[PDB]
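Below: one structure, written as structure tokens.
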Amino acid sequence: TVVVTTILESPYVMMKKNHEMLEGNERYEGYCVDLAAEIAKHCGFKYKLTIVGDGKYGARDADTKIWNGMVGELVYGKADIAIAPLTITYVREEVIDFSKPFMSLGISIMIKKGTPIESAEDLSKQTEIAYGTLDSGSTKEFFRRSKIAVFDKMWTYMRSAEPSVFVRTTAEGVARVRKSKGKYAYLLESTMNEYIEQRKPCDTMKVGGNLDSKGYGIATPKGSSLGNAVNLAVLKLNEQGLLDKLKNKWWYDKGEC
Ligand SMILES: O=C1N=c2cc([N+](=O)[O-])c([N+](=O)[O-])cc2=NC1=O
């Protein structure tokens, strides 16, 4: 039985309100829950869904060189495959294999409805409306290392802005936009930005185009016998229109706005 590590992030993987009554993979529902079943069918294997221990994605500590999150659980042999919204990145692909992307995304701007901002440039040309990112991770580094005039101007601003414009978690950034009366814009992944746009009280919105291009991939350890079939199944699913169907289902059909 294939051990599948995943993370509790809406609407990818959630607990059914009556999870105690059920057991097995029946306790969960969501985009990745459905995706897992499909990948399992097209690769001919049995699996058990497990929630990543530390509830993280996967980063390598700079001093200890230890991997945490789902990537960690793969390189340390505790899981056979990772099916979740795990961004495909260089540092992670050095230690594990990524399938072709099953969903596209990018850094985007979230604003409280009515906020007079329509693009990253709009943000860079003022200070009345503060804006920031997660105090650590991909999106922060993007601005810190960008050579682009507008992004570099945004970085210089965020660097020294007071009060600090960085948040410890994604939920904190979203709440900050909702409770700042339009004086705070949050920079986060487009997929999460658009999900939140479809949730009550429907006071947020995604504006402007993506600042970059990324993708979520399914991960397997190096040398995994699953690697090949997983890759083909993701392509077949997308070619048959199922991935787009799956996203519309969890983002829109189940939307509240
Ligand atoms: O691997 C990653 N996957 C993520 C997936 C999501 N998500 O949207 O599912 C978010 N987000 O919530 O901002 C951040 C993430 N950061 C990462 O490092």
Side-chain angles (χ1 to χ4, degrees), residues 4-14 28-36 51-62 67-75 79 81-111 131-144 165-178 184-199 204 206 210-220 243 246-247 249-252 254-255:
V4 177
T5 187
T6 189
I7 192 175
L8 288 170
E9 184 93 80
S10 302
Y12 303 99
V13 183
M14 297 105 104
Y28 316 106
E29 72 175 310
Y31 175 105
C32 281
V33 169
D34 292 350
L35 181 54
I51 302 306
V52 61
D54 52 29
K56 294 183 181 185
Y57 282 103
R60 204 220 314 172
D61 190 297
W67 282 95
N68 73 3
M70 297 177 280
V71 171
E73 298 191 328
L74 287 177
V75 299
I81 182 176
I83 303 176
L86 184 55
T87 59
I88 299 170
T89 66
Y90 193 99
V91 300
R92 285 173 181 157
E93 185 119 48
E94 306 176 308
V95 296
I96 61 182
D97 290 323
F98 274 118
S99 74
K100 298 298 183 299
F102 65 77
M103 192 176 307
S104 302
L105 64 156
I107 294 177
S108 60
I109 296 182
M110 177 189 268
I111 64 173
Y131 56 98
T133 70
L134 193 64
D135 71 348
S136 44
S138 179
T139 304
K140 185 176 180 173
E141 286 306 304
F142 176 75
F143 290 101
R144 187 202 297 282
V165 296
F166 302 108
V167 301
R168 291 293 279 279
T169 69
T170 293
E172 168 54 17
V174 168
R176 189 169 178 173
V177 171
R178 284 173 161 163
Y184 186 72
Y186 186 48
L187 291 150
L188 78 180
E189 295 192 347
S190 64
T191 51
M192 170 67 87
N193 197 342
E194 51 203 13
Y195 181 68
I196 298 300
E197 189 179 309
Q198 297 316 309
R199 310 299 300 177
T204 68
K206 169 172 136 297
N210 291 341
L211 304 195
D212 69 345
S213 297
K214 309 170 176 182
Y216 294 145
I218 294 177
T220 51
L243 298 186
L246 218 45
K247 186 184 186 186
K249 167 184 179 178
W250 294 97
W251 266 253
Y252 297 103
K254 292 181 179 294

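Note that the numbering runs from 1 along the sequence shown for the chain. Atoms within a ligand are numbered from 1 in the order they appear, just like the ligands themselves.
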* Using a 4.0 angstrom limit on heavy atoms, which residues are close to ligand 1? -> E9, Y12, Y57, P85, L86, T87, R92, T170, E189, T191, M192, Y216
* Backbone of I109 reached by a side-chain donor or acceptor of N193 within 3.5 Å -> yes
* Any donor-acceptor pair under 3.5 Å linking the side chain of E194 with the backbone of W251? -> no
* **Reported OH-to-CZ distance for the pair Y131 and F166, which is rounded to 0.5 angstrom** => 10.0 Å
* Asked: Is the backbone N or O of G69 less than 3.5 Å from a side-chain atom of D54, with the two atoms forming a donor-acceptor pair by type?
  -> yes
* **Side chains of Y28 and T6, donor plus acceptor under 3.5 Å** => no
* Would you check if there is a donor-acceptor pair between the side chains of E9 and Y57 at a distance under 3.5 Å? => yes
